[PDB]
$ cat my_file.cif   # mmCIF, C-alpha atoms and all ligand atoms; chains and numbers go by the auth columns
data_data
loop_
_atom_site.group_PDB
_atom_site.id
_atom_site.type_symbol
_atom_site.label_atom_id
_atom_site.label_comp_id
_atom_site.label_asym_id
_atom_site.label_seq_id
_atom_site.Cartn_x
_atom_site.Cartn_y
_atom_site.Cartn_z
_atom_site.B_iso_or_equiv
_atom_site.auth_seq_id
_atom_site.auth_asym_id
ATOM 1 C CA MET A 1 127.200 68.557 43.593 0.00 1 A
ATOM 2 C CA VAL A 2 125.917 65.847 41.250 0.00 2 A
ATOM 3 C CA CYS A 3 126.664 62.146 41.701 0.00 3 A
ATOM 4 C CA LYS A 4 127.682 61.433 38.119 0.00 4 A
ATOM 5 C CA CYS A 5 125.955 58.112 38.757 0.00 5 A
ATOM 6 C CA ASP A 6 128.011 54.991 39.395 0.00 6 A
ATOM 7 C CA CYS A 7 127.410 55.261 43.134 0.00 7 A
ATOM 8 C CA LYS A 8 127.005 52.704 45.904 0.00 8 A
ATOM 9 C CA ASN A 9 123.222 53.029 45.921 0.00 9 A
ATOM 10 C CA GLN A 10 120.147 52.538 43.736 0.00 10 A
ATOM 11 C CA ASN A 11 117.614 54.772 41.986 0.00 11 A
ATOM 12 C CA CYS A 12 120.083 57.627 42.461 0.00 12 A
ATOM 13 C CA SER A 13 119.903 59.477 39.143 0.00 13 A
ATOM 14 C CA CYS A 14 121.613 56.918 36.910 0.00 14 A
ATOM 15 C CA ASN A 15 121.100 54.432 34.077 0.00 15 A
ATOM 16 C CA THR A 16 118.125 52.852 35.843 0.00 16 A
ATOM 17 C CA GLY A 17 115.394 55.480 35.943 0.00 17 A
ATOM 18 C CA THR A 18 115.791 59.233 35.535 0.00 18 A
ATOM 19 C CA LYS A 19 118.000 60.845 32.908 0.00 19 A
ATOM 20 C CA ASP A 20 121.286 61.861 34.485 0.00 20 A
ATOM 21 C CA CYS A 21 121.885 63.484 37.865 0.00 21 A
ATOM 22 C CA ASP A 22 118.343 64.797 38.183 0.00 22 A
ATOM 23 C CA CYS A 23 117.939 64.033 41.880 0.00 23 A
ATOM 24 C CA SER A 24 117.896 67.333 43.771 0.00 24 A
ATOM 25 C CA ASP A 25 120.013 70.236 42.562 0.00 25 A
ATOM 26 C CA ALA A 26 122.889 70.292 45.038 0.00 26 A
ATOM 27 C CA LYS A 27 123.623 66.788 46.287 0.00 27 A
ATOM 28 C CA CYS A 28 122.858 63.180 45.384 0.00 28 A
ATOM 29 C CA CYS A 29 126.100 61.206 45.625 0.00 29 A
ATOM 30 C CA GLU A 30 125.332 60.238 49.210 0.00 30 A
ATOM 31 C CA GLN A 31 125.506 56.890 50.993 0.00 31 A
ATOM 32 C CA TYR A 32 121.846 56.035 51.576 0.00 32 A
ATOM 33 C CA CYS A 33 120.584 52.900 53.322 0.00 33 A
ATOM 34 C CA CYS A 34 117.229 52.228 51.658 0.00 34 A
ATOM 35 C CA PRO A 35 115.855 52.919 48.154 0.00 35 A
ATOM 36 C CA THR A 36 113.301 55.254 49.734 0.00 36 A
ATOM 37 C CA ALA A 37 116.046 57.563 50.994 0.00 37 A
ATOM 38 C CA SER A 38 118.024 58.062 47.784 0.00 38 A
ATOM 39 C CA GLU A 39 115.789 60.840 46.497 0.00 39 A
ATOM 40 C CA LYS A 40 113.139 60.760 49.198 0.00 40 A
ATOM 41 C CA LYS A 41 115.310 61.704 52.151 0.00 41 A
ATOM 42 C CA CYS A 42 112.924 59.456 54.065 0.00 42 A
ATOM 43 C CA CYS A 43 115.656 59.361 56.710 0.00 43 A
ATOM 44 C CA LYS A 44 118.858 61.133 57.702 0.00 44 A
ATOM 45 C CA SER A 45 121.426 60.595 54.957 0.00 45 A
ATOM 46 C CA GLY A 46 124.438 58.504 55.923 0.00 46 A
ATOM 47 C CA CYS A 47 122.761 55.294 57.060 0.00 47 A
ATOM 48 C CA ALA A 48 125.094 52.465 56.052 0.00 48 A
ATOM 49 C CA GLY A 49 122.337 49.863 56.005 0.00 49 A
ATOM 50 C CA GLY A 50 119.966 48.885 58.788 0.00 50 A
ATOM 51 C CA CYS A 51 119.585 52.294 60.415 0.00 51 A
ATOM 52 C CA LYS A 52 116.515 52.413 62.636 0.00 52 A
ATOM 53 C CA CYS A 53 114.089 54.835 61.003 0.00 53 A
ATOM 54 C CA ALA A 54 110.828 52.889 60.797 0.00 54 A
ATOM 55 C CA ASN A 55 109.249 55.652 58.713 0.00 55 A
ATOM 56 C CA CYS A 56 111.305 54.654 55.671 0.00 56 A
ATOM 57 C CA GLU A 57 111.297 51.422 53.688 0.00 57 A
ATOM 58 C CA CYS A 58 113.550 50.105 56.446 0.00 58 A
ATOM 59 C CA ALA A 59 110.336 49.459 58.373 0.00 59 A
ATOM 60 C CA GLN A 60 106.880 50.799 59.228 0.00 60 A
ATOM 61 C CA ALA A 61 106.504 52.709 62.495 0.00 61 A
ATOM 62 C CA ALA A 62 107.754 56.261 61.966 0.00 62 A
ATOM 63 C CA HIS A 63 111.244 57.430 62.925 0.00 63 A
HETATM 64 CD CD CD B . 117.774 55.859 58.087 0.00 101 D
HETATM 65 CD CD CD B . 115.233 55.223 55.013 0.00 102 D
HETATM 66 CD CD CD B . 117.228 52.081 56.308 0.00 103 D
#

$ encode --input "my_file.cif" --output "structure tokens" --more "lines below"
Ligand SMILES: [Cd+2]
Ligand SMILES: [Cd+2]
Ligand SMILES: [Cd+2]
Amino acid sequence: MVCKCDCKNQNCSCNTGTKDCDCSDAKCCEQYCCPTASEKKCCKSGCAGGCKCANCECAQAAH
């Protein structure tokens, strides 16, 4: 329920893009791995860096 910004990620509804907590309408304060997963859910949320999903910015070869 809202991230209130000031998270441990980037481009996650904060003072660096959108207005304030605009990402989704239920969750956002998650621990993403890549910038293409913050509000793209390009990969399963929870990746603490270097996951495996090649479909995301982490690489290029599907997940
Ligand atoms: Cd991932
Ligand atoms: Cd990803
Ligand atoms: Cd990743």

$ resolve_selection --input "my_file.cif" --expression "the PyMOL selection byres (((chain A and resi 59) around 12) and not hetatm)" --output "number ranges by chain"
A: 33-34, 36, 42-43, 50-58, 60-63

$ residues_around --input "my_file.cif" --residues "residue 11 of chain A" --least-positions-apart "2" --cutoff "9 Å" --atoms "only C-alpha atoms" --output "short mmCIF file (atom, residue, chain, number, x, y, z; two decimals) with C-alpha atoms, in the coordinates of the input"
data_model
loop_
_atom_site.label_atom_id
_atom_site.label_comp_id
_atom_site.auth_asym_id
_atom_site.auth_seq_id
_atom_site.Cartn_x
_atom_site.Cartn_y
_atom_site.Cartn_z
CA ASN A 9 123.22 53.03 45.92
CA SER A 13 119.90 59.48 39.14
CA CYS A 14 121.61 56.92 36.91
CA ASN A 15 121.10 54.43 34.08
CA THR A 16 118.12 52.85 35.84
CA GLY A 17 115.39 55.48 35.94
CA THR A 18 115.79 59.23 35.53
CA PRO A 35 115.86 52.92 48.15
CA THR A 36 113.30 55.25 49.73
CA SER A 38 118.02 58.06 47.78
CA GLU A 39 115.79 60.84 46.50
#

$ resolve_selection --input "my_file.cif" --expression "the PyMOL selection byres (((chain A and resi 29) around 6) and not hetatm)" --output "ChimeraX atom specification"
/A:3,28,30

$ closest_residue --input "my_file.cif" --among "A:48, A:2, A:7, A:12" --to "residue 27 of chain A" --atoms "all atoms listed in the file"
A:2

$ atom_distance --input "my_file.cif" --atom1 "atom CA of residue 23 of chain A" --atom2 "atom CA of residue 47 of chain A"
18.2 Å

$ atom_distance --input "my_file.cif" --atom1 "atom CA of residue 1 of chain A" --atom2 "atom CA of residue 22 of chain A"
11.0 Å

$ atom_distance --input "my_file.cif" --atom1 "atom CA of residue 37 of chain A" --atom2 "atom CA of residue 20 of chain A"
17.8 Å

$ resolve_selection --input "my_file.cif" --expression "the PyMOL selection byres (((chain A and resi 46) around 6) and not hetatm)" --output "number ranges by chain"
A: 31-32, 45, 47

$ write_last_selection --input "my_file.cif" --atoms "C-alpha atoms" --output "PDB file, in the coordinates of the input"
ATOM      1  CA  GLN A  31     125.506  56.890  50.993  1.00  0.00           C
ATOM      2  CA  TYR A  32     121.846  56.035  51.576  1.00  0.00           C
ATOM      3  CA  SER A  45     121.426  60.595  54.957  1.00  0.00           C
ATOM      4  CA  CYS A  47     122.761  55.294  57.060  1.00  0.00           C
TER       5      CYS A  47
END

$ axis_aligned_box --input "my_file.cif" --around "segment 33-50 of chain A" --padding-each-side "3 Å" --output "JSON"
{"center_x": 119.0, "center_y": 55.3, "center_z": 52.6, "size_x": 18.2, "size_y": 18.8, "size_z": 18.3}

$ closest_residue --input "my_file.cif" --among "A:24, A:4, A:49, A:10" --to "ligand CD 101 (chain D)" --atoms "all atoms listed in the file"
A:49
